[PDB]
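Undergrad: Right, I'll just put the structure down here and ask away after.
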Ligand SMILES: Nc1ncnc2c1ncn2[C@@H]1O[C@H](COP(=O)(O)OP(=O)(O)O)[C@@H](O)[C@H]1O
Ligand SMILES: Nc1ncnc2c1ncn2[C@@H]1O[C@H](COP(=O)(O)OP(=O)(O)O)[C@@H](O)[C@H]1O
Ligand SMILES: [Mg+2]
Ligand SMILES: [Mg+2]
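Residue numbers (the numbering used here), protein chains in the order written: chain A, 395 to 915; chain B, 395 to 915; chain C, 47 to 86.
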């Protein structure tokens, strides 16, 4: 360091050795913290806090843990941001991509320690990623016309996604529930229509899927409970003190009789508006705002169900389930239309009363009632269900599946090895390191399972080199079996995005030098 | 851990993973710090202090650095103790053995990370060390019948030892000086008899070797400086008030004349003792104690040079060079065996006066004058000369030389690989790690030289596997040359001790999985 | 096509030593020559 001071007091700067060492240490720590929850037989962690309101959550996803930990290393922050971007993209593979990035950085550490230029390593990694993305497209199964095989593929994908979390005990029912809930969207990618209601009472065996719709709201006073063959009409107006006029109207009279006449005129206008609302020939009114005492009794005197407290999400869900539109003004009853329902009642789930809506016509949206004993278990089940729904929507929009379990990684490693075995130079070390980092994932999976990892990896590599380019790893016993016989199937776009994000993160962190830190506030 | 505390306040307890990780980190740090000074083209180190009046020194060997730093890690303390033991034994192989131990520990870290039992690794390492020592014992050159070949081997060993330090510029003279100084011992283990006097000022070319002896003492007053022919006699008596006894005698008289007579009798006794000392017919008296004024003037009045203030080392050197015998009492002149010398004078080297001794009969010991600029350069030169003399005495007592440079390590690695390629089980991983460490040991020197280390290592491995067990590494150009033609030859005992110490340190550190620290005072 | 360097501490140490030596030589440059002054 130069004796002349340049930076301000309280600002350190790492050159090349210390900066790279700290980055590699942080990357290894990040990769090892989440490495325990990667294989199918992984466990769960505890993420307790003290600065908030003593929040305690137990989950198995890696992105959630990385976001709740709150790291301070610059490379760890980039890894957390990449994991968050991946979770917001497809949300299915964060631990895998972060483990691949950690392994790539660990290999780059030893490569730099062997006096190798970083540009050659970057070029070799780019060539390996290109070869992997070229060989992965050729090993994809296209489907869409055959619905019988498509349903089986979707069921297998949902089962494989659910067997990697806490739903392994009830995968036999949750997979079918998710499959039935996905088909109700009619190809629509709107994930906000699926409402998840978690309750504290029963276990996971008491969970089911309602064929209609449920609402956790209350009805008015002196109103009929069960109404058979009704017509739901969603509205959007302000019944509670109708003063939408933004004018500067002020009562400047000089007698109480004029004020009484103005109040009577306002009441008559409210009554006329209520009558115009019921002029459509309906019997189940639903508003988005609050209902006072006059409109409540006005609707109850005619036998019309009134529902209060409804946000935009509930209104959209009701419109997607029934078929009506968000009407207002109430002047042309012909251009408003209604819904369709023949069964409306109130059920009691545990200790609360909810309105049950059955006998729908369309049914684009649906609700899922979750039951659990602990809040952490309920949160884990909700997260697993959301991830399963997301991966199902992704594999439906992709219309192509890829055999998972570890066959794609082995094929990519074999392609990288075949590409490296034909070109000389110093680029063969980067491709070998990439192949080792790709093959280390089945090794870590087998180590977390509890079987011999090296022997199984060697057998799988020998099979893939001799011809068996479709086998994987049996988790029920610890042997080598075909992936097309068991029922393990992943996706293509998810794996492609994972590989691209891992390659981008590796290329970004590989060219990192001079970590200049400013003065902390 | 358990909520009930057992230890006191301030006592930590590392388990199996934390202690092993700390030991591995410490070993990696020690190896990275010591790998800078390994090859012949290494650099120097600055070891400054802050409590010992800022002691500044320049060293090249790792033993001095490890002894001067003094860390607190027990894994590094074990290596420091091993290096100190090796330096006290032979003193030529500390950086090599500590680098081998660091590489073995780094390999054992990855082996344990691969879920491997430590007992199998220990057994494999023991088998590899046994095979390496067997190959080293089988491949050995015994030279003792021929004189010219033995002298050439000694000169080559001295040159290879001196080229690793700062003596590569004057190796054409320091090697010959060390060879001439070693042959003066007549095949004895009296390494402490060779005095090394360092004087400030002058270049390295003025460091000449005196064939006689030099003493930095002063003779008596009124005595002849130069003597044509004299007979040196070494005595062991006290000329300064000869009355040192345990006798509690006292003078209890009643007159000053009695005290005067007692003093006169004591003076007469001292004069008689001085006359009996010169009764042997000598003229160059040398005493190891102090000489007052009366014996000095008595020796000067008779024309006899008297030298006082002599240590035990100087007395032993004078007795071994001049062939004299340490005598006392001075009562049997027929049995004393006086010395013999035909040249006594005083020279002026720099700004001090030293007695020059030449023309001796035997001359087993010899003095070495070192001339340099600063004190650090002189200290480094003295340390290198001492190490060269030690390794020369070792290879003379062993009477067997083995080609070094990088052939022995490659042969040991090939033997370990051939042994591992015959036995199954998990023991082949430890032998593979041992072979990798033996192949990486010369890779550090190849990288420090400034050439392609991987290509040279591959070429050396191919040459050793094709049937050429005499190839090595060339430092003058960076290629592959013959070790029996250039002159790169080391020792067998040093290499065997280094290998055994490395194996013992590896077996000791690998068998540790618990650290219980006490409360610091 | 090779000879990559991954160490920077010895270079900085050598640069600091050279700078210190140059500063010392510039400080002792005054007391030099027959037309030089004395220091206190
Ligand atoms: N039933 C199964 N059979 C075989 N492999 C499985 C099974 N379940 C999960 N895996 C493997 O475990 C890996 C991790 O899956 P998952 O936990 O769903 O993703 P992430 O680890 O990103 O959370 C996948 O690559 C997959 O190949
Ligand atoms: N002229 C040379 N040519 C090749 N190698 C050499 C030469 N001189 C020394 N060496 C190497 O240097 C090593 C010893 O270096 P040094 O640091 O002096 O002792 P240590 O064995 O304690 O490290 C030996 O293993 C030897 O292979
Ligand atoms: Mg997953
Ligand atoms: Mg040495």
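Ideal placement from N, C-alpha and C gives every residue a C-beta, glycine not left out.
Could one say the Cβ of residue 419 of chain A lies closer than 8 Å to chain C's Cβ atoms, at least one of them?
TA: It does not: the Cβ of residue 419 of chain A has no partner Cβ on chain C nearer than 8 Å.
Undergrad: Name the chain A residues that come within less than 7 Å of residue 509 of chain B, Cβ to Cβ?
TA: 841
Undergrad: With 8 Å set as the bound, which would you pick, yes or no: does the beta-carbon of residue 541 of chain A sit closer than that to a beta-carbon of chain C?
TA: no
Undergrad: Please check if any C-beta of chain C sits within less than 8 Å of the C-beta of residue 395 of chain A.
TA: yes
Undergrad: Could you check if residue 482 of chain A belongs to the surroundings of ligand 3, using beta carbon to heavy atom distance under 7 Å?
TA: no
Undergrad: Taking Cβ positions only, does residue 54 of chain C come closer than 8 Å to chain A?
TA: It does: the Cβ of residue 54 of chain C has a partner Cβ on chain A nearer than 8 Å.
Undergrad: Is residue 502 of chain A close to chain C, meaning its C-beta is less than 8 Å from at least one C-beta of that chain?
TA: Closer than 8 Å: no.
Undergrad: Thinking C-beta only, is residue 843 of chain B closer than 8 Å to residue 854 of chain B?
TA: No, the pair does not count as a contact, with Cβ atoms beyond the cut-off.
Undergrad: First and last residue of the beta strand (DSSP E) that includes residue 752 of chain B?
TA: 746 to 752
Undergrad: Where do the N-terminal and C-terminal ends of the alpha helix (DSSP H) with residue 742 of chain A fall, by residue?
TA: Unbroken run through residue 742 of chain A is the beta strand (DSSP E), 737 to 743; no alpha helix (DSSP H).
Undergrad: Drop a sphere of 10 angstroms on the beta-carbon of residue 597 of chain A, count the other beta-carbons inside from all chains shown, and report buried for 16 or more, exposed for fewer.
TA: exposed
Undergrad: Could you check whether the Cβ of residue 844 of chain B sits closer than 8 Å to any Cβ belonging to chain C?
TA: yes
Undergrad: Evaluate residue 722 of chain B with the Cβ neighbour count: other Cβ atoms within 10 Å of its Cβ, from every protein chain shown; 16 or more gives buried, anything less gives exposed.
TA: exposed
Undergrad: Is residue 71 of chain C close to chain B, meaning its C-beta is less than 8 Å from at least one C-beta of that chain?
TA: No, its Cβ sits nowhere closer than 8 Å to a Cβ of chain B.
Undergrad: By the three-class DSSP mapping on this structure, what secondary structure does residue 862 of chain B have?
TA: coil
Undergrad: Return the residue from the list B:788, B:794 and B:499 that minimises the CA-CA distance to residue 487 of chain B.
TA: B:788
Undergrad: Does ligand 3 have a heavy atom nearer than 7 Å to the CB of residue 734 of chain A?
TA: no
Undergrad: Just to confirm, is the Cβ distance from residue 589 of chain B to residue 761 of chain B under 8 Å?
TA: yes
Undergrad: Per DSSP, residue 609 of chain B forms a beta bridge with which residues?
TA: B:749
Undergrad: Flag residue 67 of chain C as yes if its beta-carbon sits less than 8 Å from any beta-carbon of chain B, otherwise no.
TA: Residue 67 of chain C is outside the set of residues whose beta carbon lies under 8 Å from a beta carbon in chain B.
Undergrad: Check whether the Cβ atoms of residue 636 of chain A and residue 667 of chain A lie closer than 8 Å to each other.
TA: yes
Undergrad: May I have the straight-line CA-CA distance separating residue 825 of chain A from residue 496 of chain B, to the nearest angstrom?
TA: C-alpha separation (whole angstroms): 28 Å.
Undergrad: Round the Cβ separation of residue 734 of chain A and residue 709 of chain A to the nearest angstrom and send it over; I've been treating them as touching at under 8 Å.
TA: Not really, about 17 Å apart at Cβ, beyond 8 Å.
Undergrad: With respect to 7 Å, is the separation between the Cβ of residue 558 of chain A and the closest non-hydrogen atom of ligand 3 below this value?
TA: Yes, the beta carbon of residue 558 of chain A sits closer than 7 Å to at least one heavy atom of ligand 3.
Undergrad: Going straight from the alpha carbon of residue 629 of chain B to that of residue 661 of chain B, what length do you get?
TA: 21 Å
Undergrad: Identify, in the order they occur along the chain, each residue of the same chain with its Cβ nearer than 6 Å to the Cβ of residue 518 of chain A, setting aside the five sequence neighbours on each side.
TA: 821, 824 and 825
Undergrad: For a test of the three-state rule: what should DSSP assign to residue 626 of chain A, helix, strand or coil?
TA: strand
Undergrad: Quick check: is any heavy atom of ligand 3 less than 7 Å from the C-beta of residue 487 of chain A?
TA: Yes - ligand 3 has a heavy atom lying nearer than 7 Å to the Cβ of residue 487 of chain A.
Undergrad: At a Cβ threshold of 8 Å, is residue 79 of chain C touching chain B?
TA: no
Undergrad: Taking 8 Å as the cut-off, decide whether the C-beta atoms of residue 803 of chain A and residue 832 of chain A are in contact.
TA: yes
Undergrad: Kindly list the residues whose CB is nearer than 7 Å to the CB of residue 451 of chain B, restricted to its own chain and excluding five residues on each side of it in sequence; keep chain order.
TA: 441, 770 and 773
Undergrad: Starting from the C-beta of residue 736 of chain A, find all residues in its chain whose C-beta is less than 7 Å away, skip the five residues before and the five after it, and write them out in chain order.
TA: 622, 623 and 753
Undergrad: Below 9 Å on C-beta distance, what does residue 411 of chain A contact in chain C?
TA: 52, 53, 54 and 55
Undergrad: For a minimum of 4 consecutive residues, which ranges assigned as the alpha helix (DSSP H) are wholly contained in the stretch 865 to 889 of chain A?
TA: 877 to 880
Undergrad: Could you say if the stretch 742 to 751 of chain A and the stretch 605 to 624 of chain A meet the contact criterion of at least three C-beta pairs nearer than 8 Å?
TA: Touching, per the Cβ criterion.
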